[PDB]
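Here's a solo chain for you in structure tokens, the form deposited in one PDB entry.
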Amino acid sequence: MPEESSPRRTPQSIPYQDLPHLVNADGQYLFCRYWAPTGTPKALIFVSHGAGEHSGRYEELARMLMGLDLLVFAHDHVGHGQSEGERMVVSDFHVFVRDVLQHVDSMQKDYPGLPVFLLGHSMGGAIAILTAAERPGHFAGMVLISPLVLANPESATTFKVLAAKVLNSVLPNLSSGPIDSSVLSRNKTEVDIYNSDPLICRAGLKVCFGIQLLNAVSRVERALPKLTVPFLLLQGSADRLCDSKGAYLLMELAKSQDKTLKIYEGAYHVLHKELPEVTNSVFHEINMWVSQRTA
């Protein structure tokens, strides 16, 4: 008699049968998270995390959103957190978009007739933009926290040179240096928390992944005249990872009739984990913006 093979486990050795999950189009398990209110939800909202991190870092934001009667849902992108895949590797950037759409489609089957919002930070913001641009008119709104629209000019040069070296030769292990944690936030405790989380990948960015981030930036630029979804864009003026010029470009080139930008003077990249004055404002602004569009 044939027997079933050992249960599929996360990269941290936890069986997926003991966790909320989804199998993507490539047969890879994605770890999922849900924060549902006690009553009938007013709307659904997918949270899209950034490069190297994972969905567990959105606990406080998600609880605030759930407190507004929204059903919040997320998954760790392939190659991240508790999902399967080689760490920080993606065959094509569109895999992330495809997987967000599968999860949104699955949730809309269980909760039909509800409006659906997107919330994305950094690389997750580029994913949210590309997701909304692929389905014009489908999403009720998008909340972008320091989205990857334009990379820091020095880093864009570094990866364009590295991409040209691997495009011309075979160098599978080539990587840049790691993301300097000190530029993430002026809140030193949040920098320390980022440096202590075992689910965060703090290795140098592989050049193949850098190529997909260059693809994301190029695709976001081409998508902006197709973008009509309502959005709230939050950006720090001293962001060394996602250049603030990208936020101004998004405000200018998107076709959206409902677009708002809030600049946080002197703030770094991770606005929802910045100094308390900034973080409290970020939570308040997202609460007001989503409340106004779910009433």
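Only residues modelled in both forms are compared. Rigid core (definition): largest C-alpha set, two forms, superposition within 1.5 Å. Residue positions are given as counts along the sequence shown, with the first one as 1.
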property: Mean temperature factor over C-alpha atoms, higher-scoring stretch between 131-139 and 184-192; result: 131-139
property: Stretch with the greater mean C-alpha B-factor as recorded in the entry, comparing 112-120 against 162-170; result: 162-170
property: Candidate set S83, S146, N152, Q102 [ranked by C-alpha B-factor, highest]; result: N152
property: Selection from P230, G246, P37, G52 [criterion: highest C-alpha temperature factor in the record]; result: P37
property: Chain thirds of CA B-factor: placement of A126; result: lowest
property: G56 - which third its CA temperature factor falls in, relative to the rest of the chain; result: lowest
property: Among modelled residues of the same chain, the CA temperature factor third for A74; result: lowest
property: Ranked against its chain, the third holding the CA B-factor of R219; result: middle
property: Record-listed C-alpha B factor of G236: chain third; result: lowest
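Separately, the form deposited in another entry exists; it is not shown, and the next lines address it.
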| property | result |
| --- | --- |
| Rigid-core-referenced C-alpha movement of 2 Å or more between this form and the one not shown, selected from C201, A163, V217, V78 | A163 |
| Per-residue C-alpha change between this form and the one not shown, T189, threshold 2 Å, rigid core fit | no |
| Rigid-core frame, C-alpha of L174, shift of 2 angstroms or more between this form and the one not shown | yes |
| Moved residue ranges in sequence order between this form and the one not shown, Cα 2 Å or more, at least 3 long, core fit | 162-175 |
